[PDB]
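S.K.: The structure that follows is given in the form of C-alpha cells.
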Amino acid sequence: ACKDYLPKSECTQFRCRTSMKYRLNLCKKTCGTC
Numbered sequence: 002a003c004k005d006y007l008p009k010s011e012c013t014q015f016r017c018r019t020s021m022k023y024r025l026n027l028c029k030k031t032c033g034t035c
C-alpha cells in the first residue's frame, strides 16, 4: 500500500515528524506515515 521513493537513509521517521514533503512527496512508509 505505502511504498518508499528512497532508502531508510533518506526517509527518516523524523522527516514525517516535521517535514511533510518526505512523507507524501517522497516515501510513504519509510518516512513513517504509510
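Counting from 2, one number per residue, gives the positions in the sequence shown under PDB author numbering. Quick reminder that beta carbons are idealized off the backbone N, C-alpha and C, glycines included.
In the DSSP assignment, find the alpha helix (DSSP H) that holds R24 and state where it starts and stops.
M.R.: No alpha helix (DSSP H) holds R24; DSSP gives it neither H nor E.
S.K.: With a cut-off of 8 Å, does the C-beta of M21 fall near any C-beta of chain D?
M.R.: The structure shown has no chain D; it contains just one protein chain.
S.K.: Near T34, which residues of its chain fall below 6 Å by C-beta distance, leaving aside the five closest residues on each side in sequence?
M.R.: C17 and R24, listed in sequence order.
S.K.: Please classify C17: does DSSP put it in a helix, a strand, or coil?
M.R.: It is helical.
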